[PDB]
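Shown below: input35.cif, with mmCIF, C-alpha atoms.
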```
data_upload
#
loop_
_atom_site.label_atom_id
_atom_site.label_comp_id
_atom_site.auth_asym_id
_atom_site.auth_seq_id
_atom_site.Cartn_x
_atom_site.Cartn_y
_atom_site.Cartn_z
CA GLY A 1 -39.99 -4.63 -35.23
CA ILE A 2 -36.37 -4.94 -36.57
CA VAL A 3 -35.30 -1.33 -35.65
CA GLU A 4 -35.91 -2.05 -31.89
CA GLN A 5 -32.98 -4.59 -31.92
CA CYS A 6 -30.87 -4.07 -35.08
CA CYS A 7 -30.52 -0.26 -35.10
CA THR A 8 -29.91 -0.14 -31.26
CA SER A 9 -27.65 -3.26 -31.05
CA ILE A 10 -26.26 -6.08 -33.26
CA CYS A 11 -28.03 -7.90 -36.08
CA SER A 12 -26.32 -11.21 -37.06
CA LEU A 13 -26.96 -13.60 -40.03
CA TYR A 14 -29.36 -15.97 -38.14
CA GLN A 15 -31.47 -12.99 -36.89
CA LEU A 16 -31.26 -11.12 -40.27
CA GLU A 17 -32.63 -14.26 -42.03
CA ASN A 18 -35.95 -13.79 -40.10
CA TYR A 19 -36.59 -10.66 -42.28
CA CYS A 20 -35.69 -12.48 -45.56
CA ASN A 21 -38.69 -12.73 -47.97
CA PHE Z 1 -20.15 -7.62 -43.80
CA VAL Z 2 -19.35 -8.59 -40.14
CA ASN Z 3 -21.63 -8.63 -37.02
CA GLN Z 4 -21.66 -5.08 -35.53
CA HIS Z 5 -23.94 -2.16 -34.46
CA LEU Z 6 -25.76 -1.90 -37.86
CA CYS Z 7 -28.62 0.52 -38.79
CA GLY Z 8 -30.38 1.91 -41.94
CA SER Z 9 -28.33 1.43 -45.15
CA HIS Z 10 -25.80 -0.94 -43.40
CA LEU Z 11 -28.81 -3.00 -42.13
CA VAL Z 12 -30.34 -3.08 -45.69
CA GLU Z 13 -26.89 -4.16 -47.04
CA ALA Z 14 -26.56 -6.87 -44.33
CA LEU Z 15 -30.11 -8.16 -45.04
CA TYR Z 16 -29.29 -8.29 -48.79
CA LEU Z 17 -25.94 -10.12 -48.12
CA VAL Z 18 -27.76 -12.70 -45.85
CA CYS Z 19 -30.97 -13.14 -47.94
CA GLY Z 20 -29.26 -12.90 -51.41
CA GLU Z 21 -30.77 -11.68 -54.74
CA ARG Z 22 -34.24 -12.62 -53.26
CA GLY Z 23 -34.60 -9.23 -51.44
CA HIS Z 24 -36.26 -8.26 -48.11
CA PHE Z 25 -39.19 -6.16 -46.72
CA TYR Z 26 -37.24 -3.68 -44.47
CA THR Z 27 -36.44 -0.62 -46.68
CA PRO Z 28 -36.32 2.61 -44.54
CA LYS Z 29 -36.86 6.27 -45.49
CA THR Z 30 -33.63 8.25 -46.23
#
```

Can you give me the file's structure in the form of C-alpha coordinates?
Amino acid sequence: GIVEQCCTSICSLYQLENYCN
Amino acid sequence: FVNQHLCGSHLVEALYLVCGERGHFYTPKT
(Lines of atoms letter the chains of each structure in order from A and count residues from 1; the text may use other names and numbers.)
(Lines give C-alpha, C1' and ligand atoms only; values in the text may rest on other atoms or scores of the structure.)
Protein backbone atom coordinates (compact mmCIF):
# COMPACT_ATOMS: atom_id res chain seq x y z
CA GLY A 1 0.00 0.00 0.00
CA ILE A 2 1.05 3.64 -0.81
CA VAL A 3 1.92 4.62 2.83
CA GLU A 4 4.69 1.91 2.95
CA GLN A 5 6.71 3.88 0.28
CA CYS A 6 5.30 7.45 -0.01
CA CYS A 7 4.98 8.40 3.69
CA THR A 8 8.41 6.78 4.57
CA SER A 9 10.30 7.97 1.42
CA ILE A 10 9.70 9.85 -1.88
CA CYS A 11 6.65 9.65 -4.13
CA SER A 12 7.30 11.02 -7.67
CA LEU A 13 4.86 11.73 -10.59
CA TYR A 14 5.31 8.33 -12.35
CA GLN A 15 4.70 6.43 -9.05
CA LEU A 16 1.85 8.79 -7.94
CA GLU A 17 0.07 8.11 -11.29
CA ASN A 18 -0.36 4.42 -10.22
CA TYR A 19 -2.91 5.64 -7.57
CA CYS A 20 -4.79 7.89 -10.09
CA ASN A 21 -8.43 6.73 -10.65
CA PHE B 1 4.93 20.40 -5.96
CA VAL B 2 8.49 18.86 -6.20
CA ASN B 3 9.68 15.26 -5.45
CA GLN B 4 10.39 15.02 -1.66
CA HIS B 5 9.54 13.07 1.55
CA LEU B 6 5.72 13.52 1.21
CA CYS B 7 2.99 12.12 3.56
CA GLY B 8 -0.74 12.67 4.37
CA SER B 9 -2.08 16.04 3.10
CA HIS B 10 1.10 16.72 1.00
CA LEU B 11 0.67 13.21 -0.56
CA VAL B 12 -3.08 13.93 -1.29
CA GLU B 13 -2.02 17.30 -2.84
CA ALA B 14 0.72 15.60 -4.94
CA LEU B 15 -1.73 12.88 -6.12
CA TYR B 16 -4.26 15.61 -7.08
CA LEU B 17 -1.55 17.65 -8.95
CA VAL B 18 -0.42 14.47 -10.87
CA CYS B 19 -3.89 12.93 -11.53
CA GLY B 20 -5.74 16.29 -12.13
CA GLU B 21 -9.45 17.12 -11.54
CA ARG B 22 -10.13 13.31 -11.92
CA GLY B 23 -9.33 12.59 -8.22
CA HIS B 24 -7.74 9.56 -6.47
CA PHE B 25 -8.59 6.76 -3.95
CA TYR B 26 -5.99 7.52 -1.18
CA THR B 27 -7.72 9.93 1.30
CA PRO B 28 -6.36 9.39 4.88
CA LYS B 29 -7.93 10.11 8.30
CA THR B 30 -6.93 13.49 9.87

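Under the PyMOL selection byres ((chain A and resi 3-15) around 7), the matching residues in the shown file are residues 1, 2, 16, 17 and 18 of chain A; 3, 4, 5, 6, 7 and 18 of chain Z.
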
Under the rule of at most 9 Å, produce a per-residue listing of chain Z near chain A: chain, number, name, the closest pair of atoms, and the distance in Å, as JSON lines, using only C-alpha atoms.
```
{"residue": "Z:2", "atom": "CA", "partner": "A:12", "partner_atom": "CA", "distance": 8.1}
{"residue": "Z:3", "atom": "CA", "partner": "A:12", "partner_atom": "CA", "distance": 5.4}
{"residue": "Z:4", "atom": "CA", "partner": "A:10", "partner_atom": "CA", "distance": 5.2}
{"residue": "Z:5", "atom": "CA", "partner": "A:10", "partner_atom": "CA", "distance": 4.7}
{"residue": "Z:6", "atom": "CA", "partner": "A:7", "partner_atom": "CA", "distance": 5.7}
{"residue": "Z:7", "atom": "CA", "partner": "A:7", "partner_atom": "CA", "distance": 4.2}
{"residue": "Z:8", "atom": "CA", "partner": "A:7", "partner_atom": "CA", "distance": 7.2}
{"residue": "Z:11", "atom": "CA", "partner": "A:6", "partner_atom": "CA", "distance": 7.4}
{"residue": "Z:14", "atom": "CA", "partner": "A:16", "partner_atom": "CA", "distance": 7.5}
{"residue": "Z:15", "atom": "CA", "partner": "A:16", "partner_atom": "CA", "distance": 5.7}
{"residue": "Z:16", "atom": "CA", "partner": "A:20", "partner_atom": "CA", "distance": 8.3}
{"residue": "Z:17", "atom": "CA", "partner": "A:13", "partner_atom": "CA", "distance": 8.9}
{"residue": "Z:18", "atom": "CA", "partner": "A:13", "partner_atom": "CA", "distance": 5.9}
{"residue": "Z:19", "atom": "CA", "partner": "A:20", "partner_atom": "CA", "distance": 5.3}
{"residue": "Z:20", "atom": "CA", "partner": "A:20", "partner_atom": "CA", "distance": 8.7}
{"residue": "Z:22", "atom": "CA", "partner": "A:21", "partner_atom": "CA", "distance": 6.9}
{"residue": "Z:23", "atom": "CA", "partner": "A:21", "partner_atom": "CA", "distance": 6.4}
{"residue": "Z:24", "atom": "CA", "partner": "A:20", "partner_atom": "CA", "distance": 5.0}
{"residue": "Z:25", "atom": "CA", "partner": "A:21", "partner_atom": "CA", "distance": 6.7}
{"residue": "Z:26", "atom": "CA", "partner": "A:19", "partner_atom": "CA", "distance": 7.3}
```

For the residues selected in the previous step, produce a file with C-alpha atoms as a PDB file, in the coordinates of the input.
```
ATOM      1  CA  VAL Z   2     -19.350  -8.590 -40.140  1.00  0.00           C
ATOM      2  CA  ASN Z   3     -21.630  -8.630 -37.020  1.00  0.00           C
ATOM      3  CA  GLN Z   4     -21.660  -5.080 -35.530  1.00  0.00           C
ATOM      4  CA  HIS Z   5     -23.940  -2.160 -34.460  1.00  0.00           C
ATOM      5  CA  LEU Z   6     -25.760  -1.900 -37.860  1.00  0.00           C
ATOM      6  CA  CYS Z   7     -28.620   0.520 -38.790  1.00  0.00           C
ATOM      7  CA  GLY Z   8     -30.380   1.910 -41.940  1.00  0.00           C
ATOM      8  CA  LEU Z  11     -28.810  -3.000 -42.130  1.00  0.00           C
ATOM      9  CA  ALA Z  14     -26.560  -6.870 -44.330  1.00  0.00           C
ATOM     10  CA  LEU Z  15     -30.110  -8.160 -45.040  1.00  0.00           C
ATOM     11  CA  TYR Z  16     -29.290  -8.290 -48.790  1.00  0.00           C
ATOM     12  CA  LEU Z  17     -25.940 -10.120 -48.120  1.00  0.00           C
ATOM     13  CA  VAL Z  18     -27.760 -12.700 -45.850  1.00  0.00           C
ATOM     14  CA  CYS Z  19     -30.970 -13.140 -47.940  1.00  0.00           C
ATOM     15  CA  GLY Z  20     -29.260 -12.900 -51.410  1.00  0.00           C
ATOM     16  CA  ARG Z  22     -34.240 -12.620 -53.260  1.00  0.00           C
ATOM     17  CA  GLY Z  23     -34.600  -9.230 -51.440  1.00  0.00           C
ATOM     18  CA  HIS Z  24     -36.260  -8.260 -48.110  1.00  0.00           C
ATOM     19  CA  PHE Z  25     -39.190  -6.160 -46.720  1.00  0.00           C
ATOM     20  CA  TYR Z  26     -37.240  -3.680 -44.470  1.00  0.00           C
TER      21      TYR Z  26
END
```

Would you compute, for all listed atoms of range 1-4 of chain A, the axis-aligned bounding box grown by 8 Å on each side, and then report its centre and edge lengths in Å rounded to one decimal, as JSON?
```
{"center_x": -37.6, "center_y": -3.1, "center_z": -34.2, "size_x": 20.7, "size_y": 19.6, "size_z": 20.7}
```

Write out N, CA, C and O atoms for range 5-27 of chain Z, as a PDB file, in the coordinates of the input.
```pdb
ATOM      1  N   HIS Z   5     -22.824  -3.083 -34.697  1.00  0.00           N
ATOM      2  CA  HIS Z   5     -23.940  -2.160 -34.460  1.00  0.00           C
ATOM      3  C   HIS Z   5     -24.433  -1.500 -35.772  1.00  0.00           C
ATOM      4  O   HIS Z   5     -24.197  -0.315 -36.030  1.00  0.00           O
ATOM      5  N   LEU Z   6     -25.093  -2.303 -36.616  1.00  0.00           N
ATOM      6  CA  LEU Z   6     -25.760  -1.900 -37.860  1.00  0.00           C
ATOM      7  C   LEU Z   6     -26.881  -0.870 -37.594  1.00  0.00           C
ATOM      8  O   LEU Z   6     -27.321  -0.691 -36.459  1.00  0.00           O
ATOM      9  N   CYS Z   7     -27.363  -0.245 -38.673  1.00  0.00           N
ATOM     10  CA  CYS Z   7     -28.620   0.520 -38.790  1.00  0.00           C
ATOM     11  C   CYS Z   7     -28.810   1.012 -40.237  1.00  0.00           C
ATOM     12  O   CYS Z   7     -27.823   1.183 -40.958  1.00  0.00           O
ATOM     13  N   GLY Z   8     -30.057   1.228 -40.673  1.00  0.00           N
ATOM     14  CA  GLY Z   8     -30.380   1.910 -41.940  1.00  0.00           C
ATOM     15  C   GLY Z   8     -29.805   1.206 -43.164  1.00  0.00           C
ATOM     16  O   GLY Z   8     -30.053   0.022 -43.394  1.00  0.00           O
ATOM     17  N   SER Z   9     -29.020   1.936 -43.954  1.00  0.00           N
ATOM     18  CA  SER Z   9     -28.330   1.430 -45.150  1.00  0.00           C
ATOM     19  C   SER Z   9     -27.459   0.195 -44.843  1.00  0.00           C
ATOM     20  O   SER Z   9     -27.618  -0.832 -45.495  1.00  0.00           O
ATOM     21  N   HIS Z  10     -26.614   0.220 -43.808  1.00  0.00           N
ATOM     22  CA  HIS Z  10     -25.800  -0.940 -43.400  1.00  0.00           C
ATOM     23  C   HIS Z  10     -26.660  -2.170 -43.053  1.00  0.00           C
ATOM     24  O   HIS Z  10     -26.283  -3.301 -43.352  1.00  0.00           O
ATOM     25  N   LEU Z  11     -27.839  -1.950 -42.457  1.00  0.00           N
ATOM     26  CA  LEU Z  11     -28.810  -3.000 -42.130  1.00  0.00           C
ATOM     27  C   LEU Z  11     -29.463  -3.555 -43.409  1.00  0.00           C
ATOM     28  O   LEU Z  11     -29.527  -4.768 -43.578  1.00  0.00           O
ATOM     29  N   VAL Z  12     -29.854  -2.691 -44.352  1.00  0.00           N
ATOM     30  CA  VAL Z  12     -30.340  -3.080 -45.690  1.00  0.00           C
ATOM     31  C   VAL Z  12     -29.290  -3.894 -46.472  1.00  0.00           C
ATOM     32  O   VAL Z  12     -29.626  -4.905 -47.086  1.00  0.00           O
ATOM     33  N   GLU Z  13     -28.024  -3.471 -46.425  1.00  0.00           N
ATOM     34  CA  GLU Z  13     -26.890  -4.160 -47.040  1.00  0.00           C
ATOM     35  C   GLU Z  13     -26.663  -5.541 -46.402  1.00  0.00           C
ATOM     36  O   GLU Z  13     -26.513  -6.533 -47.114  1.00  0.00           O
ATOM     37  N   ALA Z  14     -26.684  -5.624 -45.068  1.00  0.00           N
ATOM     38  CA  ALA Z  14     -26.560  -6.870 -44.330  1.00  0.00           C
ATOM     39  C   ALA Z  14     -27.691  -7.850 -44.675  1.00  0.00           C
ATOM     40  O   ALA Z  14     -27.433  -9.001 -45.035  1.00  0.00           O
ATOM     41  N   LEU Z  15     -28.943  -7.378 -44.641  1.00  0.00           N
ATOM     42  CA  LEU Z  15     -30.110  -8.160 -45.040  1.00  0.00           C
ATOM     43  C   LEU Z  15     -29.987  -8.685 -46.467  1.00  0.00           C
ATOM     44  O   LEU Z  15     -30.237  -9.865 -46.698  1.00  0.00           O
ATOM     45  N   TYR Z  16     -29.545  -7.859 -47.417  1.00  0.00           N
ATOM     46  CA  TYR Z  16     -29.290  -8.290 -48.790  1.00  0.00           C
ATOM     47  C   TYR Z  16     -28.164  -9.341 -48.880  1.00  0.00           C
ATOM     48  O   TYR Z  16     -28.308 -10.329 -49.598  1.00  0.00           O
ATOM     49  N   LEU Z  17     -27.068  -9.178 -48.132  1.00  0.00           N
ATOM     50  CA  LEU Z  17     -25.940 -10.120 -48.120  1.00  0.00           C
ATOM     51  C   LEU Z  17     -26.308 -11.470 -47.465  1.00  0.00           C
ATOM     52  O   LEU Z  17     -25.823 -12.508 -47.913  1.00  0.00           O
ATOM     53  N   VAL Z  18     -27.195 -11.472 -46.466  1.00  0.00           N
ATOM     54  CA  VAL Z  18     -27.760 -12.700 -45.850  1.00  0.00           C
ATOM     55  C   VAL Z  18     -28.781 -13.371 -46.780  1.00  0.00           C
ATOM     56  O   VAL Z  18     -28.646 -14.550 -47.107  1.00  0.00           O
ATOM     57  N   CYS Z  19     -29.814 -12.628 -47.187  1.00  0.00           N
ATOM     58  CA  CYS Z  19     -30.970 -13.140 -47.940  1.00  0.00           C
ATOM     59  C   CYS Z  19     -30.668 -13.454 -49.420  1.00  0.00           C
ATOM     60  O   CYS Z  19     -31.319 -14.308 -50.025  1.00  0.00           O
ATOM     61  N   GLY Z  20     -29.670 -12.784 -50.005  1.00  0.00           N
ATOM     62  CA  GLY Z  20     -29.260 -12.900 -51.410  1.00  0.00           C
ATOM     63  C   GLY Z  20     -30.097 -12.032 -52.354  1.00  0.00           C
ATOM     64  O   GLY Z  20     -30.790 -11.106 -51.930  1.00  0.00           O
ATOM     65  N   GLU Z  21     -30.050 -12.367 -53.648  1.00  0.00           N
ATOM     66  CA  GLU Z  21     -30.770 -11.680 -54.740  1.00  0.00           C
ATOM     67  C   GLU Z  21     -32.307 -11.674 -54.560  1.00  0.00           C
ATOM     68  O   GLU Z  21     -33.006 -10.859 -55.167  1.00  0.00           O
ATOM     69  N   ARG Z  22     -32.830 -12.541 -53.681  1.00  0.00           N
ATOM     70  CA  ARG Z  22     -34.240 -12.620 -53.260  1.00  0.00           C
ATOM     71  C   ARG Z  22     -34.831 -11.261 -52.845  1.00  0.00           C
ATOM     72  O   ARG Z  22     -35.944 -10.931 -53.263  1.00  0.00           O
ATOM     73  N   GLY Z  23     -34.109 -10.485 -52.026  1.00  0.00           N
ATOM     74  CA  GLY Z  23     -34.600  -9.230 -51.440  1.00  0.00           C
ATOM     75  C   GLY Z  23     -35.381  -9.426 -50.137  1.00  0.00           C
ATOM     76  O   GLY Z  23     -35.729 -10.541 -49.750  1.00  0.00           O
ATOM     77  N   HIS Z  24     -35.663  -8.315 -49.459  1.00  0.00           N
ATOM     78  CA  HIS Z  24     -36.260  -8.260 -48.110  1.00  0.00           C
ATOM     79  C   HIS Z  24     -37.231  -7.063 -47.944  1.00  0.00           C
ATOM     80  O   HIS Z  24     -37.230  -6.125 -48.749  1.00  0.00           O
ATOM     81  N   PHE Z  25     -38.086  -7.114 -46.912  1.00  0.00           N
ATOM     82  CA  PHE Z  25     -39.190  -6.160 -46.720  1.00  0.00           C
ATOM     83  C   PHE Z  25     -38.825  -4.890 -45.932  1.00  0.00           C
ATOM     84  O   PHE Z  25     -39.534  -3.889 -46.041  1.00  0.00           O
ATOM     85  N   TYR Z  26     -37.734  -4.887 -45.156  1.00  0.00           N
ATOM     86  CA  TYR Z  26     -37.240  -3.680 -44.470  1.00  0.00           C
ATOM     87  C   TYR Z  26     -36.459  -2.776 -45.437  1.00  0.00           C
ATOM     88  O   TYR Z  26     -35.302  -3.044 -45.762  1.00  0.00           O
ATOM     89  N   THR Z  27     -37.075  -1.669 -45.864  1.00  0.00           N
ATOM     90  CA  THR Z  27     -36.440  -0.620 -46.680  1.00  0.00           C
ATOM     91  C   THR Z  27     -36.844   0.749 -46.104  1.00  0.00           C
ATOM     92  O   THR Z  27     -37.979   1.179 -46.338  1.00  0.00           O
TER      93      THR Z  27
END
```
